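Structure first, commentary second.
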There are 2 protein chains.
Amino acid sequence: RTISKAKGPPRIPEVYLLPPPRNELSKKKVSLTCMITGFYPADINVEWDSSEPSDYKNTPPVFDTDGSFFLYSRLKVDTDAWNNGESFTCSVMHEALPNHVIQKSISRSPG
Amino acid sequence: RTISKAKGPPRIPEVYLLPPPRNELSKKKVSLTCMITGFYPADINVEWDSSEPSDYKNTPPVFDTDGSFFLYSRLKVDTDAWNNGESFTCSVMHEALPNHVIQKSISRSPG
């Protein structure tokens with residue numbers, strides 16, 4: 001269970017952030033993500049933290065023209081229990097040829 | 001082809017933004033989204049603008065425990081052709097019971 005490739009499994013070298021911006025709420029609906037994308041071959045996995053509270057679920061490959069691949073994964077807590085509750089992290093390991101990366105944080109928020 | 005429901009198709013009333021934050025690049029990989037979520041029944045659609053340049057593709061239902069439903073859709077141009085090129089918009093219409101919404105913009109970016 002292995003191959004090599006085409007257009008390109010292995011090369012498109014980057015990591016992402018999308019933190020609680022300019023958007024007016026009360027504790028309850030708005031959440032954010034981690035994005036890792038333009039990469040074949042057909043498999044890579046995403047974990048965030050290692051533990052899961054309520055909502056950490058994966059946004060499935062979306063591959064773009066040239067796009068070679070697109071992954072997006074998200075996290076929420078729910079609202080009014082942010083600061084210390086999970087001051088938070090995202091991890092990626094995409095085998096097909098190993099790259100194990102970590103990038104973390106947040107700034108702003110529900111305020 | 002119609003029903004009513006359960007936990008709740010129709011109620012979870014909000015819209016989203018996630019604009020080019022605190023993340024250092026050169027023109028080429030990092031893009032953002034529109035998020036509309038906690039809503040049954042089994043169908044709603046997303047268009048952004050009405051025209052499509054390169055990459056506007058839909059991130060598929062992800063439904064959370066309570067989650068009643070989650071949709072995410074994205075847009076890119078590619079890089080170094082932002083300002084006027086597409087100063088940009090997101091639209092939602094989710095039938096099952098009609099709600100037609102529009103919210104738009106961006107601020108920061110690749111800088």
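Ligands are numbered from 1 in the order shown, chains are lettered A, B, ... in the order of the structure tokens, and residues start at 1 in each chain.
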Skip residue B:109 itself and residues of its chain fewer than 6 positions away, then list as a list in words all residues within 8 Å of it, counting only C-alpha atoms.
residues 19, 20 and 21 of chain B
Can you write just those residues out, N, CA and C atoms, as an mmCIF file, in the first residue's frame?
```
data_model
loop_
_atom_site.group_PDB
_atom_site.id
_atom_site.type_symbol
_atom_site.label_atom_id
_atom_site.label_comp_id
_atom_site.auth_asym_id
_atom_site.auth_seq_id
_atom_site.Cartn_x
_atom_site.Cartn_y
_atom_site.Cartn_z
ATOM 1 N N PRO B 19 -11.084 36.148 7.781
ATOM 2 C CA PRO B 19 -10.109 36.857 6.949
ATOM 3 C C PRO B 19 -8.622 36.923 7.229
ATOM 4 N N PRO B 20 -7.838 36.815 6.136
ATOM 5 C CA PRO B 20 -6.413 36.801 6.134
ATOM 6 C C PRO B 20 -5.587 37.468 7.222
ATOM 7 N N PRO B 21 -5.594 36.760 8.393
ATOM 8 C CA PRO B 21 -4.858 37.019 9.587
ATOM 9 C C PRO B 21 -3.332 37.046 9.571
#
```
Would you list, as a PyMOL selection string, the residues of stretch 13-91 of chain B that end up in alpha helix (DSSP H) under DSSP run on this structure's backbone?
chain B and resi 83-86
Just N, CA and C atoms for this one: save the residues we selected as a PDB file, in the first residue's frame.
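Generated file (part_18.pdb):
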```pdb
ATOM      1  N   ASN B  83      -6.793  43.337  -4.089  1.00  0.00           N
ATOM      2  CA  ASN B  83      -7.635  44.538  -3.971  1.00  0.00           C
ATOM      3  C   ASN B  83      -8.772  44.682  -4.882  1.00  0.00           C
ATOM      4  N   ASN B  84      -9.152  45.076  -5.964  1.00  0.00           N
ATOM      5  CA  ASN B  84      -9.973  45.316  -7.005  1.00  0.00           C
ATOM      6  C   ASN B  84     -10.355  44.186  -7.938  1.00  0.00           C
ATOM      7  N   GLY B  85      -9.430  43.254  -7.921  1.00  0.00           N
ATOM      8  CA  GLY B  85      -9.497  41.995  -8.684  1.00  0.00           C
ATOM      9  C   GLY B  85     -10.782  41.234  -8.284  1.00  0.00           C
ATOM     10  N   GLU B  86     -11.120  41.349  -6.991  1.00  0.00           N
ATOM     11  CA  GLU B  86     -12.329  40.598  -6.587  1.00  0.00           C
ATOM     12  C   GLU B  86     -12.897  41.089  -5.283  1.00  0.00           C
TER      13      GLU B  86
END
```
Using only C-alpha atoms and a cut-off of 8 Å, which residues of chain A sit close to chain B? Please list them as a ChimeraX atom specification.
/A:14,16-23,29-30,54-55,57,59-60,62,64-65
Can you pull out the residues contacting residue A:51? Cut-off 12 Å, using only C-alpha atoms, and skip same-chain residues under 6 positions away; I want them as a ChimeraX atom specification.
/A:57,75,77,86,88-91
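As for atom CA of residue A:44 and atom CA of residue A:101, they are spaced 12.0 Å apart.
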Lay chain B over chain A using all C-alpha atoms, matched one to one in order, with a least-squares fit; then write it out as an mmCIF file with N, CA and C atoms, in the first residue's frame.
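As written to disk, selection.cif reads:
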```cif
data_model
loop_
_atom_site.group_PDB
_atom_site.id
_atom_site.type_symbol
_atom_site.label_atom_id
_atom_site.label_comp_id
_atom_site.auth_asym_id
_atom_site.auth_seq_id
_atom_site.Cartn_x
_atom_site.Cartn_y
_atom_site.Cartn_z
ATOM 1 N N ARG B 1 0.813 -1.225 0.000
ATOM 2 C CA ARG B 1 0.000 0.000 0.000
ATOM 3 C C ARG B 1 0.852 1.285 0.000
ATOM 4 N N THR B 2 1.280 1.663 -1.208
ATOM 5 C CA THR B 2 2.186 2.769 -1.443
ATOM 6 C C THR B 2 2.405 3.014 -2.878
ATOM 7 N N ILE B 3 2.715 4.265 -3.234
ATOM 8 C CA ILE B 3 3.042 4.548 -4.694
ATOM 9 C C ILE B 3 4.045 5.693 -4.748
ATOM 10 N N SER B 4 3.901 6.601 -5.631
ATOM 11 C CA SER B 4 4.785 7.809 -5.804
ATOM 12 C C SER B 4 3.805 8.786 -6.439
ATOM 13 N N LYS B 5 4.098 9.311 -7.611
ATOM 14 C CA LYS B 5 3.165 10.112 -8.351
ATOM 15 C C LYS B 5 3.407 11.011 -9.535
ATOM 16 N N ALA B 6 2.242 11.668 -9.748
ATOM 17 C CA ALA B 6 1.849 12.498 -10.812
ATOM 18 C C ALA B 6 2.063 13.924 -11.230
ATOM 19 N N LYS B 7 1.311 14.692 -10.502
ATOM 20 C CA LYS B 7 1.191 16.181 -10.566
ATOM 21 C C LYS B 7 2.001 16.620 -9.322
ATOM 22 N N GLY B 8 1.790 15.735 -8.321
ATOM 23 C CA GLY B 8 2.385 15.859 -7.104
ATOM 24 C C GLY B 8 1.829 15.701 -5.741
ATOM 25 N N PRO B 9 1.995 14.427 -5.281
ATOM 26 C CA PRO B 9 1.587 14.122 -3.923
ATOM 27 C C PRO B 9 2.333 15.054 -2.944
ATOM 28 N N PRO B 10 3.636 14.842 -2.826
ATOM 29 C CA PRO B 10 4.559 15.453 -1.908
ATOM 30 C C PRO B 10 4.936 16.882 -1.785
ATOM 31 N N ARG B 11 4.857 17.704 -2.802
ATOM 32 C CA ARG B 11 5.248 19.089 -2.740
ATOM 33 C C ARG B 11 4.161 20.142 -2.932
ATOM 34 N N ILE B 12 3.968 20.933 -1.919
ATOM 35 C CA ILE B 12 3.189 22.090 -1.554
ATOM 36 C C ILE B 12 3.333 22.206 -0.009
ATOM 37 N N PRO B 13 4.450 22.890 0.384
ATOM 38 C CA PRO B 13 4.939 23.098 1.738
ATOM 39 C C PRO B 13 4.544 24.132 2.764
ATOM 40 N N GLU B 14 3.276 24.088 3.222
ATOM 41 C CA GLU B 14 2.677 25.042 4.204
ATOM 42 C C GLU B 14 1.492 24.566 5.019
ATOM 43 N N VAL B 15 1.211 25.209 6.134
ATOM 44 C CA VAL B 15 0.490 25.336 7.348
ATOM 45 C C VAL B 15 -0.368 26.614 7.614
ATOM 46 N N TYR B 16 -1.495 26.543 8.315
ATOM 47 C CA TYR B 16 -2.437 27.639 8.550
ATOM 48 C C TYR B 16 -3.223 28.040 9.805
ATOM 49 N N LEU B 17 -3.576 29.354 9.853
ATOM 50 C CA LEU B 17 -4.344 29.841 10.965
ATOM 51 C C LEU B 17 -5.618 30.611 10.602
ATOM 52 N N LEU B 18 -6.643 30.477 11.489
ATOM 53 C CA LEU B 18 -7.832 31.394 11.094
ATOM 54 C C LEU B 18 -8.574 31.788 12.372
ATOM 55 N N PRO B 19 -8.015 32.681 13.199
ATOM 56 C CA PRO B 19 -8.570 33.072 14.497
ATOM 57 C C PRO B 19 -9.625 34.141 14.698
ATOM 58 N N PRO B 20 -10.565 33.838 15.617
ATOM 59 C CA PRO B 20 -11.684 34.651 15.957
ATOM 60 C C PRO B 20 -11.680 36.162 15.792
ATOM 61 N N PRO B 21 -11.796 36.546 14.485
ATOM 62 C CA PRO B 21 -11.929 37.866 13.959
ATOM 63 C C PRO B 21 -13.108 38.748 14.360
ATOM 64 N N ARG B 22 -13.165 39.841 13.587
ATOM 65 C CA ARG B 22 -14.120 40.960 13.603
ATOM 66 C C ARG B 22 -15.589 40.550 13.487
ATOM 67 N N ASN B 23 -16.008 39.598 14.396
ATOM 68 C CA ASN B 23 -17.425 39.156 14.246
ATOM 69 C C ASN B 23 -18.283 38.925 15.488
ATOM 70 N N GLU B 24 -19.033 39.945 15.838
ATOM 71 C CA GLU B 24 -19.990 40.134 16.880
ATOM 72 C C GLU B 24 -20.981 39.073 17.268
ATOM 73 N N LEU B 25 -20.794 38.337 18.317
ATOM 74 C CA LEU B 25 -21.594 37.344 18.986
ATOM 75 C C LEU B 25 -21.592 37.489 20.542
ATOM 76 N N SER B 26 -22.336 36.506 21.025
ATOM 77 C CA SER B 26 -22.549 36.259 22.492
ATOM 78 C C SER B 26 -21.998 34.872 22.669
ATOM 79 N N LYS B 27 -21.694 34.328 23.798
ATOM 80 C CA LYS B 27 -21.149 32.932 23.790
ATOM 81 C C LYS B 27 -22.064 31.897 23.133
ATOM 82 N N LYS B 28 -21.689 31.267 22.002
ATOM 83 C CA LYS B 28 -22.458 30.192 21.371
ATOM 84 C C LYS B 28 -22.306 29.621 19.969
ATOM 85 N N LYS B 29 -21.977 30.228 18.864
ATOM 86 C CA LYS B 29 -21.874 29.611 17.547
ATOM 87 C C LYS B 29 -20.609 29.603 16.733
ATOM 88 N N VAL B 30 -19.893 30.709 16.667
ATOM 89 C CA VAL B 30 -18.659 30.932 15.885
ATOM 90 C C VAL B 30 -17.395 30.209 16.322
ATOM 91 N N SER B 31 -16.785 29.346 15.464
ATOM 92 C CA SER B 31 -15.555 28.612 15.701
ATOM 93 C C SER B 31 -14.603 28.645 14.464
ATOM 94 N N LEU B 32 -13.418 28.161 14.748
ATOM 95 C CA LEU B 32 -12.265 28.190 13.785
ATOM 96 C C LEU B 32 -11.499 26.920 13.715
ATOM 97 N N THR B 33 -10.620 26.643 12.859
ATOM 98 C CA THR B 33 -9.772 25.907 12.085
ATOM 99 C C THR B 33 -8.257 26.065 11.932
ATOM 100 N N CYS B 34 -7.760 24.944 11.361
ATOM 101 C CA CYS B 34 -6.402 24.589 10.979
ATOM 102 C C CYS B 34 -6.391 24.120 9.494
ATOM 103 N N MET B 35 -5.444 24.745 8.724
ATOM 104 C CA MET B 35 -5.545 24.255 7.266
ATOM 105 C C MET B 35 -4.214 23.846 6.701
ATOM 106 N N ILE B 36 -4.256 22.669 6.114
ATOM 107 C CA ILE B 36 -3.053 21.981 5.571
ATOM 108 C C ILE B 36 -3.400 21.491 4.198
ATOM 109 N N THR B 37 -2.741 22.202 3.219
ATOM 110 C CA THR B 37 -3.225 21.610 1.946
ATOM 111 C C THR B 37 -2.381 21.547 0.801
ATOM 112 N N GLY B 38 -1.651 21.308 -0.105
ATOM 113 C CA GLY B 38 -2.012 21.146 -1.529
ATOM 114 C C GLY B 38 -1.095 19.835 -1.458
ATOM 115 N N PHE B 39 -1.692 18.664 -1.406
ATOM 116 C CA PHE B 39 -0.675 17.551 -1.241
ATOM 117 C C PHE B 39 -1.433 16.241 -1.467
ATOM 118 N N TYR B 40 -0.777 15.471 -2.347
ATOM 119 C CA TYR B 40 -1.198 14.114 -2.583
ATOM 120 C C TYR B 40 -0.254 13.442 -1.478
ATOM 121 N N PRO B 41 -0.184 12.158 -1.520
ATOM 122 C CA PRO B 41 -0.901 11.270 -2.472
ATOM 123 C C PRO B 41 -2.309 11.129 -1.995
ATOM 124 N N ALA B 42 -2.767 10.044 -1.446
ATOM 125 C CA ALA B 42 -4.241 10.088 -1.084
ATOM 126 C C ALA B 42 -4.544 10.136 0.385
ATOM 127 N N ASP B 43 -3.522 10.302 1.210
ATOM 128 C CA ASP B 43 -3.667 10.257 2.652
ATOM 129 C C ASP B 43 -2.686 10.994 3.564
ATOM 130 N N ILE B 44 -3.203 11.685 4.519
ATOM 131 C CA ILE B 44 -2.576 12.437 5.555
ATOM 132 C C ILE B 44 -3.603 12.534 6.687
ATOM 133 N N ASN B 45 -3.195 12.570 7.934
ATOM 134 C CA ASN B 45 -4.137 12.762 9.060
ATOM 135 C C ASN B 45 -3.587 13.927 10.025
ATOM 136 N N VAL B 46 -4.667 14.454 10.574
ATOM 137 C CA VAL B 46 -4.917 15.527 11.446
ATOM 138 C C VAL B 46 -5.630 15.230 12.782
ATOM 139 N N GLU B 47 -4.796 15.684 13.735
ATOM 140 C CA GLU B 47 -5.269 15.538 15.184
ATOM 141 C C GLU B 47 -5.059 16.931 15.758
ATOM 142 N N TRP B 48 -5.833 17.254 16.746
ATOM 143 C CA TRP B 48 -5.609 18.683 17.300
ATOM 144 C C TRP B 48 -5.769 18.560 18.800
ATOM 145 N N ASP B 49 -4.554 18.716 19.309
ATOM 146 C CA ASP B 49 -4.142 18.629 20.707
ATOM 147 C C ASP B 49 -3.490 17.219 20.926
ATOM 148 N N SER B 50 -4.317 16.258 21.004
ATOM 149 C CA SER B 50 -4.484 14.883 21.123
ATOM 150 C C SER B 50 -5.840 14.606 21.843
ATOM 151 N N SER B 51 -6.348 15.593 22.584
ATOM 152 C CA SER B 51 -7.681 15.229 23.246
ATOM 153 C C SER B 51 -8.738 16.031 22.531
ATOM 154 N N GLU B 52 -9.972 15.495 22.623
ATOM 155 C CA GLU B 52 -11.090 15.994 21.893
ATOM 156 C C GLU B 52 -12.242 16.788 22.287
ATOM 157 N N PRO B 53 -12.531 17.188 23.456
ATOM 158 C CA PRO B 53 -13.676 18.028 23.834
ATOM 159 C C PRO B 53 -14.557 18.437 22.689
ATOM 160 N N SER B 54 -15.817 18.154 23.003
ATOM 161 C CA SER B 54 -16.983 18.372 22.155
ATOM 162 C C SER B 54 -16.701 18.193 20.694
ATOM 163 N N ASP B 55 -16.414 19.138 19.915
ATOM 164 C CA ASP B 55 -16.196 19.292 18.556
ATOM 165 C C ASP B 55 -14.934 19.328 17.812
ATOM 166 N N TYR B 56 -14.131 18.336 17.701
ATOM 167 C CA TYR B 56 -12.907 18.451 16.813
ATOM 168 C C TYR B 56 -13.184 17.288 15.825
ATOM 169 N N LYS B 57 -13.363 17.924 14.683
ATOM 170 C CA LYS B 57 -13.783 17.002 13.478
ATOM 171 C C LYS B 57 -13.074 17.468 12.307
ATOM 172 N N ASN B 58 -12.579 17.218 11.287
ATOM 173 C CA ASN B 58 -11.833 17.092 10.135
ATOM 174 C C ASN B 58 -12.853 17.660 9.061
ATOM 175 N N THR B 59 -12.251 18.326 8.050
ATOM 176 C CA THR B 59 -13.019 18.853 6.959
ATOM 177 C C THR B 59 -12.110 18.019 5.875
ATOM 178 N N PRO B 60 -12.991 17.337 5.153
ATOM 179 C CA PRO B 60 -12.546 16.404 4.108
ATOM 180 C C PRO B 60 -11.962 16.964 2.826
ATOM 181 N N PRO B 61 -10.933 16.270 2.318
ATOM 182 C CA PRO B 61 -10.267 16.651 1.082
ATOM 183 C C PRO B 61 -11.297 17.292 0.145
ATOM 184 N N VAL B 62 -10.748 18.343 -0.380
ATOM 185 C CA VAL B 62 -11.301 19.339 -1.390
ATOM 186 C C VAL B 62 -9.969 19.525 -2.184
ATOM 187 N N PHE B 63 -9.998 19.240 -3.449
ATOM 188 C CA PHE B 63 -8.663 19.184 -4.192
ATOM 189 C C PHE B 63 -8.629 20.153 -5.224
ATOM 190 N N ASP B 64 -8.275 21.014 -5.815
ATOM 191 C CA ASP B 64 -8.371 22.061 -6.647
ATOM 192 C C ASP B 64 -7.460 21.679 -7.860
ATOM 193 N N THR B 65 -8.079 22.175 -8.919
ATOM 194 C CA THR B 65 -7.628 22.019 -10.228
ATOM 195 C C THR B 65 -6.211 21.462 -10.205
ATOM 196 N N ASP B 66 -5.524 22.594 -9.822
ATOM 197 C CA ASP B 66 -4.023 22.346 -9.739
ATOM 198 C C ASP B 66 -3.943 21.714 -8.332
ATOM 199 N N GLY B 67 -4.754 22.428 -7.583
ATOM 200 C CA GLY B 67 -4.989 22.138 -6.130
ATOM 201 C C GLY B 67 -4.232 20.892 -5.938
ATOM 202 N N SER B 68 -3.644 19.988 -5.733
ATOM 203 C CA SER B 68 -2.824 18.840 -5.454
ATOM 204 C C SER B 68 -3.359 18.896 -4.049
ATOM 205 N N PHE B 69 -3.374 18.639 -2.808
ATOM 206 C CA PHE B 69 -4.624 18.543 -2.009
ATOM 207 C C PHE B 69 -4.981 19.465 -0.912
ATOM 208 N N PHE B 70 -6.370 19.411 -0.675
ATOM 209 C CA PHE B 70 -6.801 20.383 0.438
ATOM 210 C C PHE B 70 -7.637 19.741 1.562
ATOM 211 N N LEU B 71 -7.033 19.975 2.772
ATOM 212 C CA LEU B 71 -7.461 19.571 4.069
ATOM 213 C C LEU B 71 -7.727 20.819 4.975
ATOM 214 N N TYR B 72 -8.732 20.698 5.741
ATOM 215 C CA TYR B 72 -9.090 21.695 6.708
ATOM 216 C C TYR B 72 -9.615 21.022 7.963
ATOM 217 N N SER B 73 -9.125 21.308 9.135
ATOM 218 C CA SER B 73 -9.748 20.688 10.348
ATOM 219 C C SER B 73 -10.081 21.793 11.415
ATOM 220 N N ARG B 74 -11.202 21.522 12.153
ATOM 221 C CA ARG B 74 -11.695 22.515 13.106
ATOM 222 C C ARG B 74 -11.869 22.103 14.556
ATOM 223 N N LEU B 75 -11.952 23.182 15.359
ATOM 224 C CA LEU B 75 -12.160 23.177 16.775
ATOM 225 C C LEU B 75 -13.013 24.372 17.336
ATOM 226 N N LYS B 76 -13.850 23.764 18.270
ATOM 227 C CA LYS B 76 -14.744 24.624 19.097
ATOM 228 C C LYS B 76 -14.695 23.976 20.512
ATOM 229 N N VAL B 77 -15.199 24.642 21.498
ATOM 230 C CA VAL B 77 -15.346 24.408 22.931
ATOM 231 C C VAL B 77 -16.831 24.551 23.329
ATOM 232 N N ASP B 78 -17.409 25.573 22.701
ATOM 233 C CA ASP B 78 -18.736 26.091 22.620
ATOM 234 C C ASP B 78 -18.965 27.593 22.814
ATOM 235 N N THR B 79 -18.352 28.170 23.793
ATOM 236 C CA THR B 79 -18.463 29.568 24.191
ATOM 237 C C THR B 79 -18.501 29.657 25.742
ATOM 238 N N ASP B 80 -17.971 30.709 26.256
ATOM 239 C CA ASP B 80 -17.604 31.489 27.377
ATOM 240 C C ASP B 80 -16.673 30.606 28.246
ATOM 241 N N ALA B 81 -15.751 30.004 27.594
ATOM 242 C CA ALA B 81 -14.795 29.112 28.381
ATOM 243 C C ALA B 81 -13.664 28.807 27.355
ATOM 244 N N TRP B 82 -12.929 29.957 27.266
ATOM 245 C CA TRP B 82 -11.829 30.042 26.307
ATOM 246 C C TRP B 82 -10.452 30.087 26.908
ATOM 247 N N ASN B 83 -10.119 31.223 27.497
ATOM 248 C CA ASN B 83 -8.741 31.424 27.974
ATOM 249 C C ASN B 83 -7.993 30.260 28.452
ATOM 250 N N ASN B 84 -7.734 29.550 29.401
ATOM 251 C CA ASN B 84 -7.210 28.534 30.113
ATOM 252 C C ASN B 84 -7.790 27.141 29.977
ATOM 253 N N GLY B 85 -9.045 27.210 29.594
ATOM 254 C CA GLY B 85 -9.904 26.043 29.329
ATOM 255 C C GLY B 85 -9.242 25.171 28.237
ATOM 256 N N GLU B 86 -8.597 25.862 27.286
ATOM 257 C CA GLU B 86 -7.987 25.041 26.216
ATOM 258 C C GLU B 86 -6.944 25.798 25.440
ATOM 259 N N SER B 87 -6.620 26.994 25.897
ATOM 260 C CA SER B 87 -5.479 27.727 25.138
ATOM 261 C C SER B 87 -4.892 26.549 24.401
ATOM 262 N N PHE B 88 -4.978 26.177 23.226
ATOM 263 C CA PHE B 88 -5.037 25.364 22.138
ATOM 264 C C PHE B 88 -4.045 25.249 20.986
ATOM 265 N N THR B 89 -3.997 23.966 20.487
ATOM 266 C CA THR B 89 -3.137 23.448 19.416
ATOM 267 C C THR B 89 -3.397 22.534 18.263
ATOM 268 N N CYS B 90 -2.699 22.746 17.080
ATOM 269 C CA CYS B 90 -2.942 21.915 15.892
ATOM 270 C C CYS B 90 -1.750 21.166 15.334
ATOM 271 N N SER B 91 -2.025 19.837 15.150
ATOM 272 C CA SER B 91 -0.990 18.953 14.597
ATOM 273 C C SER B 91 -1.380 18.185 13.321
ATOM 274 N N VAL B 92 -0.229 18.134 12.548
ATOM 275 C CA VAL B 92 -0.279 17.446 11.272
ATOM 276 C C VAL B 92 0.907 16.440 11.084
ATOM 277 N N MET B 93 0.416 15.353 10.544
ATOM 278 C CA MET B 93 1.437 14.309 10.152
ATOM 279 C C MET B 93 0.671 13.723 8.927
ATOM 280 N N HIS B 94 1.525 13.834 7.889
ATOM 281 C CA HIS B 94 0.997 13.359 6.559
ATOM 282 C C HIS B 94 2.088 12.419 6.099
ATOM 283 N N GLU B 95 1.600 11.162 6.090
ATOM 284 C CA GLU B 95 2.559 10.089 5.678
ATOM 285 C C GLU B 95 2.362 10.006 4.162
ATOM 286 N N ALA B 96 3.248 9.273 3.535
ATOM 287 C CA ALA B 96 3.182 9.172 2.016
ATOM 288 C C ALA B 96 4.667 9.596 1.763
ATOM 289 N N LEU B 97 4.982 10.218 2.923
ATOM 290 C CA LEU B 97 6.325 10.731 3.174
ATOM 291 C C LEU B 97 6.159 11.818 4.243
ATOM 292 N N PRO B 98 6.603 11.328 5.395
ATOM 293 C CA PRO B 98 6.575 11.997 6.626
ATOM 294 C C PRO B 98 6.919 13.434 6.823
ATOM 295 N N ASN B 99 5.825 14.133 7.240
ATOM 296 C CA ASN B 99 6.285 15.569 7.621
ATOM 297 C C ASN B 99 5.488 15.692 8.948
ATOM 298 N N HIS B 100 6.166 15.983 10.038
ATOM 299 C CA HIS B 100 5.371 16.100 11.332
ATOM 300 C C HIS B 100 5.712 17.519 11.889
ATOM 301 N N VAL B 101 4.595 18.268 11.823
ATOM 302 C CA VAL B 101 4.441 19.626 12.114
ATOM 303 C C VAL B 101 3.397 19.976 13.224
ATOM 304 N N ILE B 102 3.931 21.068 13.838
ATOM 305 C CA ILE B 102 3.150 21.681 14.878
ATOM 306 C C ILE B 102 3.246 23.184 14.847
ATOM 307 N N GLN B 103 2.037 23.747 14.935
ATOM 308 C CA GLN B 103 1.893 25.252 14.997
ATOM 309 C C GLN B 103 0.708 25.530 15.933
ATOM 310 N N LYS B 104 0.796 26.558 16.759
ATOM 311 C CA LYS B 104 -0.274 26.782 17.752
ATOM 312 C C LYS B 104 -0.688 28.164 18.194
ATOM 313 N N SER B 105 -1.911 28.259 18.830
ATOM 314 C CA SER B 105 -2.371 29.530 19.397
ATOM 315 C C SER B 105 -3.721 30.055 18.992
ATOM 316 N N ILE B 106 -3.885 31.339 19.347
ATOM 317 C CA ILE B 106 -5.074 32.218 19.165
ATOM 318 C C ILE B 106 -4.711 33.549 19.778
ATOM 319 N N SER B 107 -5.401 34.643 19.522
ATOM 320 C CA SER B 107 -5.156 35.989 20.086
ATOM 321 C C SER B 107 -6.470 36.588 20.662
ATOM 322 N N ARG B 108 -7.219 37.158 19.693
ATOM 323 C CA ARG B 108 -8.553 37.784 19.953
ATOM 324 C C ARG B 108 -9.665 36.893 20.475
ATOM 325 N N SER B 109 -10.809 36.855 19.785
ATOM 326 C CA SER B 109 -11.953 35.984 20.173
ATOM 327 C C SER B 109 -13.350 36.573 20.255
ATOM 328 N N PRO B 110 -14.259 35.842 20.950
ATOM 329 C CA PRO B 110 -15.653 36.224 21.200
ATOM 330 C C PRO B 110 -15.776 37.690 21.616
ATOM 331 N N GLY B 111 -14.570 38.209 21.815
ATOM 332 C CA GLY B 111 -14.317 39.677 22.173
ATOM 333 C C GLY B 111 -13.000 39.775 21.329
#
```
